[PDB]
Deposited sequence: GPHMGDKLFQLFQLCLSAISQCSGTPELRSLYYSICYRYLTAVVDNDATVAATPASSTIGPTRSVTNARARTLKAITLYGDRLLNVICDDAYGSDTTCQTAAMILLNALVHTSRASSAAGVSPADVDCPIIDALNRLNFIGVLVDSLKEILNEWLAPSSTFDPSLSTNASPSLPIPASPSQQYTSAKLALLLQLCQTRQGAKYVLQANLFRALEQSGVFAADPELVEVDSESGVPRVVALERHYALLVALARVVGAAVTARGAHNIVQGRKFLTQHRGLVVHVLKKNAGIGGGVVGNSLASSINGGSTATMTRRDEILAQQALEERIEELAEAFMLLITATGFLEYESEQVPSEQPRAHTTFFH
């Protein structure tokens, strides 16, 4: 019955494309659009997703611009709403789909050189991740999510690796180090390993989602960051620290899985001869 909210969704898209207003007003627009795109999913279910995707693509790049350059602007409260909206826009666009999805949103973001700046941001991800000026935690999270979603498709993974992913990851130094060699300690390790899981998933996703071309790239990622993969593969009082530990080893388990997926998906062992 969310058809009365549709015309609201339309008004929001209009204002945004126009870009008239304080970012405070566009934060409101982004929030409304986020809730509409997430309150729709949960020949009639596809027709609605069709009406929506149609509403978005109507304004074209003119719309994706305003939302993108807010995701990288001064106002922090705004860039969070913007990054979340984008993450939601590339989700309802895949939901409108057969694996040969040719997403017009992902294609648009690449055409706006937004995936480029997105990957480049990873160079300072570590400092950006451990610090609460500085962008929000919900923002950085929304960014890693967007990255992971782009890589779960063929064209998207291509765009991300074409924007030099492995390079920015090497420059971030997030992997070329050890985590335990560094607020409680267990919390610090849950946090760090959390970041490692995210990025490790983005790498595995980009490698599997292509073919044979990037097998070399992921292979080199493992070799160069070996020792960490092997260190990971090798394995207050009673209220928060018991859960803190429970969480830490769970994030370490997740990371171990990601590495194993990136190993079999190369495959590293065959290489190791």
Residues of the deposited sequence that never got C-alpha coordinates are 1 to 3, 46 to 62, 118 to 122, 158 to 176, 227 to 233, 287 to 310, 349 to 364
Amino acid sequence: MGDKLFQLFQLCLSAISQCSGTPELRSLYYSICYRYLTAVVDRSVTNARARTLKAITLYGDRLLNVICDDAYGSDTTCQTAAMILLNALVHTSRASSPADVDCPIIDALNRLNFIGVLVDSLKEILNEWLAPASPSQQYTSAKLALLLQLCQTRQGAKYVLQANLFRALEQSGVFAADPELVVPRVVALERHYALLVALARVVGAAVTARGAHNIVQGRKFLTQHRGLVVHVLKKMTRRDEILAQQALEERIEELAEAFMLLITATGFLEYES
From here on, numbers count along this sequence of modelled residues.
On mean C-alpha B-factor from the PDB entry, just flag whether 205 to 213 or 236 to 244 is the higher one.
-> 236 to 244
Could you check the entry and say whether 172 to 180 or 156 to 164 has the higher mean CA B-factor?
-> 172 to 180
Compare the CA B factors listed in the entry for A48, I32, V66, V229 and report the winner.
-> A48
Max C-alpha B-factor within the set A55, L222, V40, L28 falls on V40
Taking the C-alpha B-factors as the PDB entry records them, is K143 in the lowest, middle or highest third of its chain?
-> lowest
By its CA B factor, does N110 count among the lowest, middle or highest third of the modelled residues in the chain?
-> lowest
Considering only modelled residues of the same chain, in which third does the CA B-factor of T76 rank: lowest, middle or highest?
-> middle
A256, C-alpha B-factor rank within chain (lowest, middle or highest third) = lowest
Please place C103 in the lowest, middle or highest third of its chain by C-alpha B factor as given in the entry.
-> middle
